[PDB]
$ cat input13.pdb   # PDB, C-alpha atoms
ATOM      1  CA  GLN A 832     157.550  77.299  41.375  1.00  0.00           C
ATOM      2  CA  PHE A 833     154.165  76.981  39.682  1.00  0.00           C
ATOM      3  CA  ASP A 834     153.518  73.469  38.353  1.00  0.00           C
ATOM      4  CA  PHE A 835     150.350  73.054  36.312  1.00  0.00           C
ATOM      5  CA  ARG A 836     150.137  69.296  36.767  1.00  0.00           C
ATOM      6  CA  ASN A 837     150.426  69.599  40.552  1.00  0.00           C
ATOM      7  CA  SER A 838     147.990  72.539  40.677  1.00  0.00           C
ATOM      8  CA  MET A 839     145.230  71.179  38.411  1.00  0.00           C
ATOM      9  CA  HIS A 840     142.543  69.432  40.469  1.00  0.00           C
ATOM     10  CA  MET A 841     138.978  68.210  39.977  1.00  0.00           C
ATOM     11  CA  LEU A 842     136.434  69.447  42.530  1.00  0.00           C
ATOM     12  CA  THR A 843     133.236  67.435  42.978  1.00  0.00           C
ATOM     13  CA  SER A 844     130.006  68.452  44.708  1.00  0.00           C
ATOM     14  CA  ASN A 845     126.228  68.207  44.360  1.00  0.00           C
ATOM     15  CA  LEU A 846     124.334  69.859  41.527  1.00  0.00           C
ATOM     16  CA  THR A 847     121.672  71.575  43.630  1.00  0.00           C
ATOM     17  CA  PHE A 848     119.689  71.330  46.843  1.00  0.00           C
ATOM     18  CA  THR A 849     117.627  73.533  49.146  1.00  0.00           C
ATOM     19  CA  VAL A 850     118.535  74.006  52.816  1.00  0.00           C
ATOM     20  CA  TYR A 851     115.633  74.553  55.208  1.00  0.00           C
ATOM     21  CA  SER A 852     115.840  75.948  58.724  1.00  0.00           C
ATOM     22  CA  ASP A 853     112.428  76.015  60.425  1.00  0.00           C
ATOM     23  CA  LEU A 854     111.914  72.234  60.303  1.00  0.00           C
ATOM     24  CA  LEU A 855     108.468  72.668  61.888  1.00  0.00           C
ATOM     25  CA  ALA A 856     106.722  74.839  59.303  1.00  0.00           C
ATOM     26  CA  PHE A 857     106.186  71.496  57.559  1.00  0.00           C
ATOM     27  CA  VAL A 858     104.158  70.243  60.546  1.00  0.00           C
ATOM     28  CA  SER A 859     100.492  71.268  60.546  1.00  0.00           C
ATOM     29  CA  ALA A 860      99.297  71.009  64.144  1.00  0.00           C
ATOM     30  CA  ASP A 861      95.727  71.352  65.392  1.00  0.00           C
ATOM     31  CA  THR A 862      94.338  71.051  68.907  1.00  0.00           C
ATOM     32  CA  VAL A 863      91.300  69.085  69.990  1.00  0.00           C
ATOM     33  CA  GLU A 864      88.437  71.124  71.393  1.00  0.00           C
ATOM     34  CA  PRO A 865      89.610  72.262  74.850  1.00  0.00           C
ATOM     35  CA  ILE A 866      86.503  71.025  76.670  1.00  0.00           C
ATOM     36  CA  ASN A 867      87.241  67.388  75.797  1.00  0.00           C
ATOM     37  CA  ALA A 868      91.015  67.461  76.248  1.00  0.00           C
ATOM     38  CA  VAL A 869      92.256  64.447  78.177  1.00  0.00           C
ATOM     39  CA  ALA A 870      95.179  64.181  80.577  1.00  0.00           C
ATOM     40  CA  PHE A 871      97.806  61.436  80.746  1.00  0.00           C
ATOM     41  CA  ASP A 872      95.269  58.985  82.198  1.00  0.00           C
ATOM     42  CA  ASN A 873      92.897  59.424  79.215  1.00  0.00           C
ATOM     43  CA  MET A 874      90.220  61.258  81.241  1.00  0.00           C
ATOM     44  CA  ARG A 875      89.156  64.859  80.768  1.00  0.00           C
ATOM     45  CA  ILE A 876      91.567  67.316  82.363  1.00  0.00           C
ATOM     46  CA  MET A 877      88.666  69.277  83.847  1.00  0.00           C
ATOM     47  CA  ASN A 878      85.874  66.824  84.652  1.00  0.00           C
ATOM     48  CA  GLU A 879      83.692  69.014  86.879  1.00  0.00           C
ATOM     49  CA  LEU A 880      81.352  70.092  84.086  1.00  0.00           C
TER      50      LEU A 880
ATOM     51  CA  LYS B 636      77.118  70.193  78.614  1.00  0.00           C
ATOM     52  CA  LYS B 637      77.664  72.212  81.786  1.00  0.00           C
ATOM     53  CA  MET B 638      74.888  72.043  84.373  1.00  0.00           C
ATOM     54  CA  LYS B 639      75.679  75.340  86.101  1.00  0.00           C
ATOM     55  CA  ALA B 640      72.807  76.777  84.063  1.00  0.00           C
ATOM     56  CA  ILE B 641      70.437  74.112  85.402  1.00  0.00           C
ATOM     57  CA  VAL B 642      71.439  74.778  89.000  1.00  0.00           C
ATOM     58  CA  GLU B 643      71.175  78.526  88.423  1.00  0.00           C
ATOM     59  CA  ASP B 644      67.633  78.110  87.106  1.00  0.00           C
ATOM     60  CA  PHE B 645      66.806  75.977  90.150  1.00  0.00           C
ATOM     61  CA  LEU B 646      68.096  78.577  92.608  1.00  0.00           C
ATOM     62  CA  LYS B 647      66.476  81.445  90.698  1.00  0.00           C
ATOM     63  CA  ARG B 648      63.120  79.672  90.804  1.00  0.00           C
ATOM     64  CA  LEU B 649      63.495  79.134  94.553  1.00  0.00           C
ATOM     65  CA  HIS B 650      62.826  82.928  94.621  1.00  0.00           C
ATOM     66  CA  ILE B 651      64.697  83.753  97.872  1.00  0.00           C
ATOM     67  CA  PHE B 652      68.368  83.444  96.878  1.00  0.00           C
ATOM     68  CA  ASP B 653      70.774  85.746  95.042  1.00  0.00           C
ATOM     69  CA  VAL B 654      72.048  83.520  92.249  1.00  0.00           C
ATOM     70  CA  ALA B 655      74.299  86.289  90.942  1.00  0.00           C
ATOM     71  CA  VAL B 656      76.117  86.119  94.284  1.00  0.00           C
ATOM     72  CA  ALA B 657      76.090  82.333  94.684  1.00  0.00           C
ATOM     73  CA  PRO B 658      79.496  81.214  93.328  1.00  0.00           C
ATOM     74  CA  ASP B 659      79.980  78.420  90.822  1.00  0.00           C
ATOM     75  CA  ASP B 660      81.433  75.847  93.226  1.00  0.00           C
ATOM     76  CA  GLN B 661      78.309  75.951  95.384  1.00  0.00           C
ATOM     77  CA  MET B 662      76.153  75.378  92.310  1.00  0.00           C
ATOM     78  CA  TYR B 663      78.206  72.360  91.250  1.00  0.00           C
ATOM     79  CA  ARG B 664      78.062  70.959  94.784  1.00  0.00           C
ATOM     80  CA  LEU B 665      74.294  71.389  94.556  1.00  0.00           C
ATOM     81  CA  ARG B 666      74.386  69.484  91.270  1.00  0.00           C
ATOM     82  CA  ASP B 667      76.324  66.681  92.953  1.00  0.00           C
ATOM     83  CA  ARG B 668      73.741  66.609  95.745  1.00  0.00           C
ATOM     84  CA  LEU B 669      70.869  66.529  93.227  1.00  0.00           C
ATOM     85  CA  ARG B 670      72.442  63.802  91.088  1.00  0.00           C
ATOM     86  CA  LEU B 671      72.059  61.240  93.875  1.00  0.00           C
ATOM     87  CA  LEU B 672      68.315  61.803  94.191  1.00  0.00           C
ATOM     88  CA  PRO B 673      65.817  59.495  92.472  1.00  0.00           C
ATOM     89  CA  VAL B 674      63.744  60.878  89.633  1.00  0.00           C
ATOM     90  CA  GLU B 675      60.039  61.541  90.122  1.00  0.00           C
ATOM     91  CA  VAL B 676      57.840  58.703  88.887  1.00  0.00           C
ATOM     92  CA  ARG B 677      56.055  60.721  86.206  1.00  0.00           C
ATOM     93  CA  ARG B 678      59.160  62.453  84.859  1.00  0.00           C
ATOM     94  CA  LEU B 679      61.067  59.164  84.836  1.00  0.00           C
ATOM     95  CA  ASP B 680      58.257  57.469  82.909  1.00  0.00           C
ATOM     96  CA  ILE B 681      58.159  60.313  80.391  1.00  0.00           C
ATOM     97  CA  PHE B 682      61.917  60.032  79.930  1.00  0.00           C
ATOM     98  CA  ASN B 683      61.699  56.267  79.475  1.00  0.00           C
ATOM     99  CA  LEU B 684      59.048  56.655  76.785  1.00  0.00           C
TER     100      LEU B 684
END
$ encode --input "input13.pdb" --output "C-alpha cells"
Amino acid sequence: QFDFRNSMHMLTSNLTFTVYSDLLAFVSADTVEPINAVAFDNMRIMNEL
Amino acid sequence: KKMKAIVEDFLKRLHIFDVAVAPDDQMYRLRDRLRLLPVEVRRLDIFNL
C-alpha cells in the first residue's frame, strides 16, 4: 500500500559543477631548442657539434 | 655553432679534394685533429687584442 510519509524523501546534491576529461589541455608545454637539449646527466644529448 | 662549415671551407680551399663526397664524420674528425694544434702567433695575437 502507498504510504506518503514512508515515500516522501529529501534528496541532496550539489548545485552545479563542470566535469572535465582531457586533464592535460590545461598544461601548456613548450620544448627547449633541440640543439641545446640535455640528457639525464645535464650535458647536451648530441655534443659533436 | 657547428664547425662542419669551417672544415668544409678548409677542404675546399685545399683544392684537390671532393668536399661534396667527404662525409660529415671525416670533417668532424678533422676538426678534432685541428683543435689540438696551437694557433699561429699573429692570429693568436690578433685574437687576444
$ closest_atom_pairs --input "input13.pdb" --of "chain A" --to "chain B" --cutoff "10 Å" --atoms "only C-alpha atoms" --output "CSV"
residue,atom,partner,partner_atom,distance
A:866,CA,B:636,CA,9.6
A:879,CA,B:663,CA,7.8
A:880,CA,B:637,CA,4.8
$ axis_aligned_box --input "input13.pdb" --around "stretch 862-869 of chain A" --padding-each-side "8 Å" --output "JSON"
{"center_x": 90.4, "center_y": 68.4, "center_z": 73.5, "size_x": 23.8, "size_y": 23.8, "size_z": 25.3}
$ atom_distance --input "input13.pdb" --atom1 "atom CA of residue B:643" --atom2 "atom CA of residue B:671"
18.1 Å
$ atom_distance --input "input13.pdb" --atom1 "atom CA of residue A:863" --atom2 "atom CA of residue A:876"
12.5 Å
$ atom_distance --input "input13.pdb" --atom1 "atom CA of residue B:675" --atom2 "atom CA of residue B:642"
17.5 Å
$ residues_around --input "input13.pdb" --residues "residue B:641" --least-positions-apart "4" --cutoff "12 Å" --atoms "all atoms listed in the file" --output "ChimeraX atom specification"
/A:880 /B:636-637,645-648,654,659,662-663,665-666,669-670
$ build_atoms --input "input13.pdb" --residues "stretch 644-677 of chain B" --atoms "N, CA and C atoms" --output "compact mmCIF listing (two decimals), in the coordinates of the input"
# COMPACT_ATOMS: atom_id res chain seq x y z
N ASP B 644 69.08 78.04 87.27
CA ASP B 644 67.63 78.11 87.11
C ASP B 644 66.92 77.61 88.35
N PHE B 645 67.40 76.51 88.92
CA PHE B 645 66.81 75.98 90.15
C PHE B 645 66.82 77.02 91.26
N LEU B 646 67.99 77.60 91.53
CA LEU B 646 68.10 78.58 92.61
C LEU B 646 67.28 79.82 92.31
N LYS B 647 67.27 80.28 91.05
CA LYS B 647 66.48 81.44 90.70
C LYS B 647 65.00 81.19 90.94
N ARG B 648 64.52 80.00 90.58
CA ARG B 648 63.12 79.67 90.80
C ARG B 648 62.79 79.52 92.28
N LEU B 649 63.78 79.20 93.12
CA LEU B 649 63.50 79.13 94.55
C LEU B 649 63.07 80.49 95.12
N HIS B 650 63.37 81.58 94.43
CA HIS B 650 62.83 82.93 94.62
C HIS B 650 63.42 83.69 95.80
N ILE B 651 64.22 83.08 96.67
CA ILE B 651 64.70 83.75 97.87
C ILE B 651 66.20 83.93 97.89
N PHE B 652 66.92 83.40 96.91
CA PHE B 652 68.37 83.44 96.88
C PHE B 652 68.84 84.48 95.87
N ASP B 653 70.12 84.85 95.99
CA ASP B 653 70.77 85.75 95.04
C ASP B 653 71.74 84.90 94.22
N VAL B 654 71.24 84.40 93.09
CA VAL B 654 72.05 83.52 92.25
C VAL B 654 73.28 84.25 91.74
N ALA B 655 73.15 85.53 91.42
CA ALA B 655 74.30 86.29 90.94
C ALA B 655 75.43 86.29 91.96
N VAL B 656 75.10 86.13 93.24
CA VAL B 656 76.12 86.12 94.28
C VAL B 656 76.54 84.70 94.65
N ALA B 657 75.69 83.71 94.42
CA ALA B 657 76.09 82.33 94.68
C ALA B 657 77.22 81.94 93.73
N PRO B 658 78.39 81.55 94.22
CA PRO B 658 79.50 81.21 93.33
C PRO B 658 79.29 79.86 92.65
N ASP B 659 80.15 79.60 91.67
CA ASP B 659 79.98 78.42 90.82
C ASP B 659 80.17 77.12 91.60
N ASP B 660 81.15 77.09 92.51
CA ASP B 660 81.43 75.85 93.23
C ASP B 660 80.23 75.39 94.03
N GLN B 661 79.51 76.33 94.65
CA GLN B 661 78.31 75.95 95.38
C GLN B 661 77.27 75.35 94.45
N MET B 662 77.12 75.91 93.25
CA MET B 662 76.15 75.38 92.31
C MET B 662 76.53 73.97 91.87
N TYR B 663 77.82 73.71 91.65
CA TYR B 663 78.21 72.36 91.25
C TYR B 663 78.11 71.37 92.41
N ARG B 664 78.34 71.82 93.64
CA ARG B 664 78.06 70.96 94.78
C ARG B 664 76.58 70.65 94.89
N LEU B 665 75.73 71.64 94.60
CA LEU B 665 74.29 71.39 94.56
C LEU B 665 73.95 70.38 93.47
N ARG B 666 74.62 70.47 92.32
CA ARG B 666 74.39 69.48 91.27
C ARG B 666 74.79 68.09 91.74
N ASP B 667 75.92 67.98 92.42
CA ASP B 667 76.32 66.68 92.95
C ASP B 667 75.28 66.15 93.93
N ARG B 668 74.76 67.02 94.78
CA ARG B 668 73.74 66.61 95.74
C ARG B 668 72.46 66.17 95.04
N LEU B 669 72.08 66.87 93.97
CA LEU B 669 70.87 66.53 93.23
C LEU B 669 71.03 65.23 92.45
N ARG B 670 72.23 64.97 91.94
CA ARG B 670 72.44 63.80 91.09
C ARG B 670 72.11 62.51 91.81
N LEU B 671 72.32 62.46 93.12
CA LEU B 671 72.06 61.24 93.88
C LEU B 671 70.58 60.99 94.13
N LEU B 672 69.73 61.98 93.91
CA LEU B 672 68.32 61.80 94.19
C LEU B 672 67.65 60.94 93.12
N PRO B 673 66.62 60.18 93.49
CA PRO B 673 65.82 59.50 92.47
C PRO B 673 64.98 60.48 91.68
N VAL B 674 64.57 60.06 90.51
CA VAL B 674 63.74 60.88 89.63
C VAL B 674 62.28 60.63 89.97
N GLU B 675 61.47 61.68 89.90
CA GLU B 675 60.04 61.54 90.12
C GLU B 675 59.47 60.46 89.21
N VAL B 676 58.40 59.81 89.66
CA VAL B 676 57.84 58.70 88.89
C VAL B 676 57.38 59.18 87.52
N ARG B 677 56.63 60.28 87.47
CA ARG B 677 56.06 60.72 86.21
C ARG B 677 57.13 61.20 85.24
